[PDB]
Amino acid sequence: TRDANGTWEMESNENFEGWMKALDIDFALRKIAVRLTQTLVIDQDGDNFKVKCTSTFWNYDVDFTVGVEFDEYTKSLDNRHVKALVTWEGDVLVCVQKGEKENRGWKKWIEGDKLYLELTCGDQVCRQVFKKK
């Protein structure tokens, strides 16, 4: 479907550490991030999204409009400037983040009550699955 609204609880996360290493997140921090439970809340109104991924001390938020490139500064992650763009490819929500890292971005597949999220950087893919609470 295209309706990603909801509160999404993590069911699985594969290759998180490889993806974080490809972004250059500090090794010591990685070993903390791997322990943290993540909650993903998405508010979607037309083209307008507000995405909030939260854990006890570490969050990632992004707000965007589909089809509108935006300057993103990943201040809580690797602290880089990218030019980000989120588009629909059929029912897949696709983000490409142009900048230093190649093949950087993410894709969301919504399948009923499930959300599949693939985060890419370089040659690494992290595959996550969430279920709608």
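The numbering used is simple: start at 1 and walk along the sequence shown.
The deposited model assigns a higher average Cα B-factor to 24 to 32 than to the other stretch when 62 to 70 and 24 to 32 are compared.
The stretch 105 to 113 shows the higher mean C-alpha B-factor when 14 to 22 is compared against 105 to 113 in the entry.
Sorting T39, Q97, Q44, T87 by the CA temperature factor given in the entry leaves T39 at the top. Placement of the Cα temperature factor of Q128 within the chain: lowest third of the modelled residues, per the deposited record. When the CA B factors of the chain's modelled residues are split into thirds, the value for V51 lands in the middle one.
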